[PDB]
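Just the one chain here, the form deposited without the DNA, laid out as structure tokens.
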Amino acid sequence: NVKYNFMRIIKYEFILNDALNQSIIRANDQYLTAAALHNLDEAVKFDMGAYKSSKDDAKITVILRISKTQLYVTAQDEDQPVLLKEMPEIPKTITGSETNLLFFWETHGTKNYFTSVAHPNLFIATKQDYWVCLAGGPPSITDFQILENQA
């Protein structure tokens, strides 16, 4: 069959905060809310692993997982909170079922976007009080920026 083969390991256990500047903090193993970290090892530490098929757009796509377990944020639909899925061991060959946890990352200087490879109109938006979801973006901050913690 056609496999989407892992391209390269980027950075890991680094946390992304948006223009609201809120650390993506772990509330549950299914629901996550953005809040500025205060325990530091409190936000979910993600790691990027790229896969390759010629079905991106103009940008190469990686999977966002917590460095310890394989909790991926999947793209649902419209403004519906991302469901953190947990599956033992990272796949090396990607089929047509994990297209939600795939992310088209468009980086502009310092800021960066996270586009859904599943549904194009989806973008990962950041809320002041609610869970970090995906959206079509009217005045929701669907901006991101990668800020690392000290230790």
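Don't overthink the numbering: it's just position in the shown sequence, from 1.
Not on display, but discussed next: the form deposited with the DNA bound.
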item: Residue stretch of 30-38, 64-72, 103-111, 88-96 approaching the DNA in the deposited complex, non-hydrogen atom distance within 4.5 Å; value: 103-111
item: Contact flag, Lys52 vs the DNA in the deposited complex, heavy atom cut 4.5 Å; value: yes
item: Interface membership of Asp47, the DNA in the deposited complex, 4.5 Å heavy atom rule; value: no
item: is_contact(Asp56, the DNA) in the deposited complex, heavy atom dist at most 4.5 Å; value: yes
